[PDB]
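Understanding the architecture of this molecule
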Amino acid sequence: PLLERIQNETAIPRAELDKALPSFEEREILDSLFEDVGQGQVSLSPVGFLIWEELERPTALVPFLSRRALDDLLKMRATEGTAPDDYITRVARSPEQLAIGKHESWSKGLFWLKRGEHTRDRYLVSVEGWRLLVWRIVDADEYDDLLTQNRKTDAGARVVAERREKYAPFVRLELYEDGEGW
Amino acid sequence: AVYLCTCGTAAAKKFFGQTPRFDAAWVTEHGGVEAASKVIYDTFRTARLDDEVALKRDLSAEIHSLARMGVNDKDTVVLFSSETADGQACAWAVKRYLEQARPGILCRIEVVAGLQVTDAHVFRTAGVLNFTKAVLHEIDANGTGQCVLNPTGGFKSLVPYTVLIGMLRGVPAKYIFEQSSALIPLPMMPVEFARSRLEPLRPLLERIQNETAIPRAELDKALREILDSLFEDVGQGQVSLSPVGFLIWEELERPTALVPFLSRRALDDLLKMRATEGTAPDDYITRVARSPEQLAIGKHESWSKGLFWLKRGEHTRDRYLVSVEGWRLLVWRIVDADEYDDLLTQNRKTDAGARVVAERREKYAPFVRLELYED
Amino acid sequence: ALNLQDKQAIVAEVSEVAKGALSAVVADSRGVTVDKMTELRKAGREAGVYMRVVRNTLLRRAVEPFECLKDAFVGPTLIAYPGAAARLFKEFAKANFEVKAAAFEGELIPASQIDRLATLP
Amino acid sequence: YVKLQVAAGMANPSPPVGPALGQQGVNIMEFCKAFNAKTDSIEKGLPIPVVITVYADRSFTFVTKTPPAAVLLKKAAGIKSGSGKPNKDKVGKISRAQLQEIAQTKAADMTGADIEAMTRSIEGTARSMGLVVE
Amino acid sequence: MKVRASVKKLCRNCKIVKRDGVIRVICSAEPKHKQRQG
RNA sequence: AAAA
RNA sequence: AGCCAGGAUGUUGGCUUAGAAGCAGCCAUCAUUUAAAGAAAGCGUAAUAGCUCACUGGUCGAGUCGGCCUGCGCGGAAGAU
Ligand SMILES: [Mg+2]
Ligand SMILES: [Zn+2]
């Protein structure tokens, strides 16, 4: 979490970093990677940028799931398998793919992604900072209804109204299902 | 301090271009390793340690680097001389000069068996392995916080396996070119052994760790030529761990940090406790996960299948049901006292951990990593 | 520091000890650390040898059958309160500190002639 | 000329003792083996204080002492750590015999002339750590 | 040297001296403590 | 010590 | 006032901390041998170490210490023919 922040946001406070490494030995070993940037902050030293740009794939946006999306994704696993997981990561990786998917835009910065004709799934996502927040994941039938509601009244404002009661907090799209450990 | 100086035959530089070149024959003809040491020691017996010009022209690489690292009276220097005769002759020459210029010093020579560079199969199999044992012996007999690897003398092929030791254990390495005048503490990129590649071998080493020997063919059948160096043939049809293997076994045994995960039942339960207890549980689990000492302290009653309870402390509104897989700290349930009591009430009669893992796929999995963007 | 009452208390107590004692030895204790004095304190209690350090002005007030011993008080002063005290001082002083005078039979004993009390059974 | 409180037999070349002797020059593994061989008889898990005496020839001798009173008081009360705020938070209870038991062993390292004086030092030690006497 | 209207002893080693009708402070241990009234 |  | 010497033991008080050992922070601040020696006033150390003060014993042989009220002065105080 800290390195991804440092890669996108230039620097982080040291106090946040100190909390991440409780053991004294850990800080002693990893002292070379970080570098003080001023104003009580640290940043990746050029040694660190080499290691991080080696053990982590490039990205443009880090996906996140709301609670309602998480249930939506789990229930769809019986039909689409792992396809929703791959399409979300691919969209978050390449802004070119994200620009293609936008089909209908709601209010307050929410827009719908459809992977194309002949498919069933559809996603309701929005972009905050560098995080790709995912609000809902619906099928072909429900998607028409959600367009009908927004057709009459504002539906984007309705969803953002229920933000702290149904959707947040957003977990990160890292799962673990099989029994295996590296 | 202790200086683990690799020794190279730059001491006998004065015999450069003269008709019998300084080779193992030349040491042999003049009488032998001890006899040849005096001849070599004569050529630079006079030069000082504070004189810059003699450091860069009239002394070996070990003497120049040691004088630059600041060798004092209260010191201990080790010379990993080569197996070849010309290597050992210079070793007995450097020691005499070092014990002369800095009286009260303790220099001892290790003869790394089979460190010759005229044969490949030996060097790959007995050279680096023996050199890996000798260095790893001295570091473990003087603590990582006091050894300074000195990979300037010797062949250019030992240097990879001196610095790599320094990176893994932690000791630094200091190098200095002949014409330069600045000690260079070489960068130490944090490295370790690939856990993913080495994980399948864990049961294999388990046999050796217990019965101390395994027949060779069964080892070969069980298991990619890099893994071969991990194993040394004892010689009676069995195989035991090579010195590299002991590093790997300890690496695969040392506790590490852990990243928490939450089952779908924990995430439903954490949130309803957040409103009443702030964000205390979020920090505690992360604090415990990233600290092995904290984790081992808090193990309450231990259940079957590797489950064990944790609790914030006396008179708290949460107790966790966690277990470990790989580098992940799986969290199964997060319950208050009354639910906690009834579970232990039930577990008195029959087994408990079996019933939880039985419904892993239907109820708990998938485990989602603990990163939250509440806003 | 010390008021008249506290000094009066000192004078009486050392006078009472000097009254009920048998022999006295006066020694120098300048330049000896506390730890070596701690050893003497344990040694003095084991052999029943009272030991104290007092002001020479306070000492001379209280000490008046030790008047022949009230003749050399100039410099640091230590006092101890038969036999085996001069024996203890001689061993420590040789191995470490010096002796000045000794008292016995209401008579002075010179520093060189304390061999008598250091040898008596 | 260093004073340490190394463990009963866990005399590792580890940083707790390792770098300390290095500045003098004595062999680290030599002292570790020598210390353990005589402290095997000591009860398990005790920071027995040892005073090291190093010479110019890079030789050394050492003398071991009785375990610290705070350690003895911690095990007597059955605890592991003392009071965070001694004389404010109370974290144990020991009888006067337990004071006598600790005083007697530490009498080899005490300075009082009587068991009562040695105990009072231990009594003062107990108050300073929050361990009340019961 | 500090030139102030109010001159004071900054530590234990400061000394107050009057020289030719001027109150001065001289410190044997700290040159930063030297001040002169003016 | 830029093929010890 | 100056000059000589001592300035210790439980103990590295407990908590915290990788280290916290008088001297980063918190709590307590007892006890012993004491002529006297703070669970330490200052410096120092990565932490130890080391230095000094408080305190006391010697040498010296007449005064000495800080507050209060009050008279007169001192600095603060640089300008243009
Ligand atoms: Mg005026
Ligand atoms: Zn000053």
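Here every chain is numbered from 1 following its written sequence, which may not line up with the entry's numbers; residues without coordinates are dropped from view. All chains are assigned letters beginning with A, and all ligands numbers beginning with 1, in the order in which they are written. Chains on display form part of a larger assembly; values are given for the displayed part and nothing beyond it. Think of the side-chain values as coming from all heavy atoms in the structure, minus any hydrogens and water. Residues with missing side-chain atoms are left out of burial classes, side-chain pairs and their counts.

- Its PDB title, taken directly from the record, is "cA4-bound Cami1 in complex with 70S ribosome".
- UniProt positions are given in the numbering used here, feature names are shortened, and annotations may be inferred rather than shown by experiment. The record in UniProt for chain E states the following under Function (literature references left out): "One of the last ribosomal proteins to be assembled in the 50S subunit, it contacts a number of helices in the 23S rRNA, acting as molecular glue. The simultaneous presence of uL16 and bL36 probably triggers ObgE's GTPase activity and eventual dissociation from the mature 50S ribosomal subunit."
- Under the UniProt heading Sequence similarities, the entry covering chain E gives this text: "Belongs to the bacterial ribosomal protein bL36 family."

- Per the PDB entry, chain A goes by the name CRISPR-associated protein, APE2256 family and belongs to Allochromatium vinosum.

**Digging into the packing of aromatic side chains**
- For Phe, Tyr and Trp, where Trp contributes only its six-membered ring, two rings pair if their centres lie within 6.5 Å, and the inter-plane angle classes them as stacked under 30 degrees, edge-to-face over 60, or tilted in between. If you walk through the whole model with that rule in mind, you get 25 aromatic pairs over all chains.
- When the ring of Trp332(B) is compared with that of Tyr364(B), the centres are 5.1 Å apart and the planes differ by 55 degrees; the resulting orientation is tilted. Of the two residues, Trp332(B) sits in strand 13 (residues 328–335) while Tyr364(B) sits in helix 17 (residues 360–364), which places them 32 residues apart along the sequence. With respect to class, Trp332(B) is no different from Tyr364(B); both count as buried.
- Relative to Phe97(C), the ring of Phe92(C) lies with its centre 4.8 Å away and its plane at 85 degrees, an arrangement referred to as edge-to-face.
- Three labels apply to residues, based on accessible area from a 1.4 Å probe with only protein chains included: buried if under 20% of the type maximum, exposed if over 50%, partly exposed otherwise in between. Looking at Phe92(C), the relative accessible area reads 15%, which means it is buried.
- In this structure an aromatic cluster arises from ring pairing among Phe64(A), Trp135(A), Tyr167(A), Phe170(A) and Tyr373(B). Put simply, DSSP marks the helices as runs of H or I at least four residues long and the strands as runs of E at least two long, and each gets a number from the N terminus on.

**Describing the pattern of salt bridges**
- The working definition used for a salt bridge is a side-chain nitrogen of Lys or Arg within 4 Å of a carboxyl oxygen of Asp or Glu. A full pass over the atoms with the stated rule returns 32 salt bridges over all chains.
- Within the structure, one salt-bridge network assembled from shared partners comprises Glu4(A), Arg172(A), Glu174(A), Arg369(B) and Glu371(B).

**Section: unusual backbone geometry**
- Of the consecutive residues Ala168(A) and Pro169(A), the connecting peptide bond is found in the cis state with omega at 0 degrees.
- Here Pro169(A) shows up in the loop between helix 10 (163–167) and strand 9 (171–172).
- Between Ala365(B) and the following residue, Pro366(B), the backbone shows a cis peptide bond with an omega angle of 0 degrees.
- Mapped onto the secondary structure, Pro366(B) falls in the loop between helix 17 and strand 14 (368–369).

**A short note on the coordination of the zinc ion (ligand 2)**
Residues and elements named next belong to chain E.
- A donor here means an N, O or S atom no more than 2.8 Å from the metal, or no more than 3.2 Å when the metal is Na, K or Ca. Since water is not included, a site may seem to lack partners. Around the zinc ion (ligand 2), the donor atoms from the protein are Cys11 (SG), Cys14 (SG), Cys27 (SG) and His33 (ND1), and they sit 2.1 to 2.3 Å away.
- For the zinc ion (ligand 2), the four donor atoms in the first shell make angles of 94 to 120 degrees at the metal, so the coordination geometry reads as tetrahedral.
- Every donor residue of the zinc ion (ligand 2) comes from the same chain, spaced as C-x2-C-x12-C-x5-H. Of the two residues, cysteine 14 sits in strand 2 (residues 14–19) while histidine 33 sits in the loop between strand 3 (22–27) and strand 4 (35–37), which places them 19 residues apart along the sequence.
- Judged by relative accessible area, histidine 33 falls into the buried class, the value being 17%. A four-donor site is classed as tetrahedral when every donor-metal-donor angle falls between 85 and 135 degrees; four donors are called square planar, and six octahedral, when trans pairs exceed 155 degrees and all remaining angles lie between 65 and 115, with any other arrangement labelled irregular.

**Here we look at the protein's contact with RNA strand F**
Residue and element names in this part refer to chain B.
- The full set close to RNA strand F counts 21 residues, and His64, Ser82, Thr84, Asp86 and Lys156 are the nearest of them.
- Taking the atoms of RNA strand F that fall within 4 Å of the protein, sugar and phosphate contribute 50% of them.
- Side-chain atoms alone can form a polar contact between residues adjacent in sequence; in general such a contact is a pair of N or O atoms within 3.5 Å, and within protein one must be able to donate a hydrogen while the other accepts it. Between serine 82 and RNA strand F, the recorded distance is 2.9 Å, taken from a side-chain N or O atom to a base nitrogen.
- Residue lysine 156 places a main-chain N or O atom 3.0 Å away from a phosphate oxygen belonging to RNA strand F.
- Each residue belonging to the surface near RNA strand F can be placed in one class, and the counts come to eight nonpolar, nine polar and four charged. Near, as used in this document, describes a residue that has one of its heavy atoms within 4 Å of the molecule or strand being considered. Residues are grouped as follows: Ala, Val, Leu, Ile, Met, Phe, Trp, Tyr, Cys and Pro are nonpolar; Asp, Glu, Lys and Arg are charged; all remaining types, including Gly, are polar.

**Describing a negative patch on the surface**
- Only residues above 30% relative accessible area that lack a salt bridge enter a patch, with like-charged residues linked at up to 9 Å and the nonpolar side chains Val, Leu, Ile, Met, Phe, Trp and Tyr linked at up to 5 Å. In short, Shrake-Rupley with a 1.4 Å probe defines the accessible areas, and a residue's cover is counted only from the protein chains shown. We score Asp and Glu as negative and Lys and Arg as positive, and we do not count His or the chain ends. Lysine's charge is taken at NZ, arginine's at CZ, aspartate's at CG and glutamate's at CD. A grouping of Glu218(B), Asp220(B), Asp228(B), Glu232(B) and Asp233(B) is seen on the molecular surface, where their side chains present a negatively charged patch.
- If you list the elements that add at least two residues to the negative patch, you get helix 10 (216–222) and strand 8 (231–233) of chain B.

**Some points on the sheet that holds strand 8 (residues 131–138) of chain A**
All names here are of chain A.
- At least two DSSP bridges between two strands are required for those strands to pair. As summarised here, the arrangement of the six strands in space is 5-6-7-8-4-9, forming an open sheet in which the pairing is mixed. Edge strands, defined here as strands with exactly one partner in the open sheet, are strand 5 (102–105) and strand 9.
- In terms of strand pairing, strand 4 (residues 62–65) meets strand 8 through four bridges, oriented parallel. Note that in strand 8 the partner of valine 62 across the bridge is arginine 131.
- With respect to the sheet, helix 8 (residues 140–152) is in contact with strand 5, strand 6 (111–113), strand 7 (122–128) and strand 8, its orientation differing from that of strand 8 by roughly 105 degrees. By definition in these notes, contact holds between two residues if any of their heavy atoms fall within 4.5 Å. Only C-alpha atoms enter the line fits that serve as axes; for helices the fit covers just the stretch in contact. Angles between N-to-C directions range over 0 to 180 degrees.

**Re the packing of helix 3 (residues 69–76) of chain D against helix 4 (residues 96–106) of chain D**
Residue and element names in this part refer to chain D.
- One way to put it is that helix 3 packs onto helix 4 with a least axis distance of 10 Å and a crossing angle of 150 degrees. Judged by the twist between their axes, the crossing of helix 3 over helix 4 is right-handed. Along the contact surface, helix 3 presents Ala69, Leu72, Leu73 and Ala76, while helix 4 presents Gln98, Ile102 and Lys106.
- Among the residues making up the contact of helix 3 with helix 4, the classes are represented as five nonpolar, one polar and one charged. Here a crossing is called left-handed whenever its near helix is offset anticlockwise from the far helix by less than a right angle, and right-handed whenever the offset is clockwise.

**As for empty space enclosed by the protein**
- Roughly 50 Å³ of volume is contained in the largest cavity.
- If you go around the largest cavity, the residues you meet are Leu70(A), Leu73(A), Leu74(A), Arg77(A), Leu175(A), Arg264(B) and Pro366(B).
- For the lining of the largest cavity, the element with the highest residue contribution is helix 5 (residues 67–80) of chain A, accounting for four residues. Cavity means a closed set of points on a 1 Å grid over the protein atoms alone, one where a 1.4 Å probe fits but cannot get out, pocket means an open set with protein on both sides within 12 Å along at least 5 of 7 lines, and lining means a residue has an atom within 4 Å of a point. Grid points are joined across faces, edges and corners, and a volume is the space filled by probe spheres set on the points.

**Some details on the protein's contact with RNA strand G**
- In the vicinity of RNA strand G, 49 residues are found, and the nearest of them are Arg41(C), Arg45(C), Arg55(C), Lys74(D) and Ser83(D).
- The separation between a phosphate oxygen of RNA strand G and a polar main-chain atom of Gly82(D) is 2.8 Å.
- At 3.4 Å, a side-chain N or O of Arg127(D) approaches a sugar or linking oxygen of RNA strand G.
- Residue assignment for the surface near RNA strand G shows that the elements contributing at least two residues are helix 2 (34–46) of chain C together with strand 1 (3–4), helix 3 and helix 5 (115–128) of chain D.
- It is helix 5 of chain D that contributes the most residues to the surface near RNA strand G, eight residues altogether.
- The residue makeup of the surface near RNA strand G, split by class, is 17 nonpolar, 18 polar and 14 charged.

**Focus: the sheet that holds strand 2 (residues 50–54) of chain D**
All names here are of chain D.
- Read from one edge to the other, the open sheet built from three strands follows the order 1-2-3, with strand pairing classed as antiparallel. A strand with exactly one partner marks an edge of an open sheet, and here the two such strands are strand 1 and strand 3 (60–64).
- Bridging between strand 2 and strand 3 involves five bridges; their strand directions are antiparallel. Following the sheet pairing, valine 54 is matched in strand 3 by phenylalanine 60.
- Its contacts with the sheet put helix 2 (residues 28–39) on strand 2 and strand 3, and the angle it makes with strand 3 is roughly 30 degrees.

**Comments concerning helix 5 of chain A**
- Expected span, for any helix, means 1.5 Å times one less than how many residues it has. Look at helix 5 of chain A: 19 Å from first C-alpha to last across 14 residues, which is about the 20 Å you get at 1.5 Å a residue.
- Taken as a whole, helix 5 of chain A carries its principal kink of about 25 degrees at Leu74(A).
- Among all positions of helix 5 of chain A, only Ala69(A), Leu70(A), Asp72(A), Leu73(A) and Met76(A) are buried.
- Each element contacted by the buried residues of helix 5 of chain A is listed here: strand 4, helix 6 (83–93), strand 8 and strand 9 of chain A together with helix 12 (264–277) of chain B.
- Within two residues after helix 5 of chain A, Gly81(A) carries a phi angle of roughly 60 degrees, on the positive side. Two axes enter the bend calculation: one fitted to the seven residues ending at the residue in question, the other to the seven starting there, and the bend is the angle between them.

**Description of the interface of chain D and chain B**
- Each side of the interface is counted separately: chain D has nine residues, and chain B has eleven residues.
- Those elements that provide at least two residues to the side of chain D that touches chain B are helix 1 (18–22) and helix 2 of chain D.
- Counted by class, the side of chain D that touches chain B contains four nonpolar, four polar and one charged residues.

**Considering helix 2 of chain D**
Residue and element names in this part refer to chain D.
- With twelve residues, helix 2 ought to run about 16 Å at 1.5 Å a step, and its terminal C-alpha atoms sit 17 Å apart, in line with that.
- What helix 2 keeps buried is the set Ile28, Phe31, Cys32, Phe35 and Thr39. The arc that holds every buried residue of helix 2, seen down its axis, measures 100 degrees, which confines them to one face. Exposed side chains of helix 2 directed beyond 90 degrees from the buried face belong to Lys33 and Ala37.
- Against helix 1, strand 2 and strand 3 lie the buried residues of helix 2.
- Where helix 2 begins, the side chain of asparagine 27 points an oxygen toward the backbone nitrogen of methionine 29, at a separation of 2.8 Å. Summarising the geometry, the arc corresponds to the directions from the helix axis toward the C-beta atoms.

**Points about the environment of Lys106(D)**
All names here are of chain D.
- Tracing the backbone through its elements, the reader meets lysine 106 in helix 4.
- Residue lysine 106 is classed as buried on the basis of its relative accessible area of 7%.
- In this structure, the C-alpha to C-alpha distance between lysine 106 and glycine 82, residues 24 residues apart in sequence, is 19 Å.
- Every residue in contact with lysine 106, bar those within four places of it in the chain, is listed here: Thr66, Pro67, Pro68, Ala69, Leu72 and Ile122.

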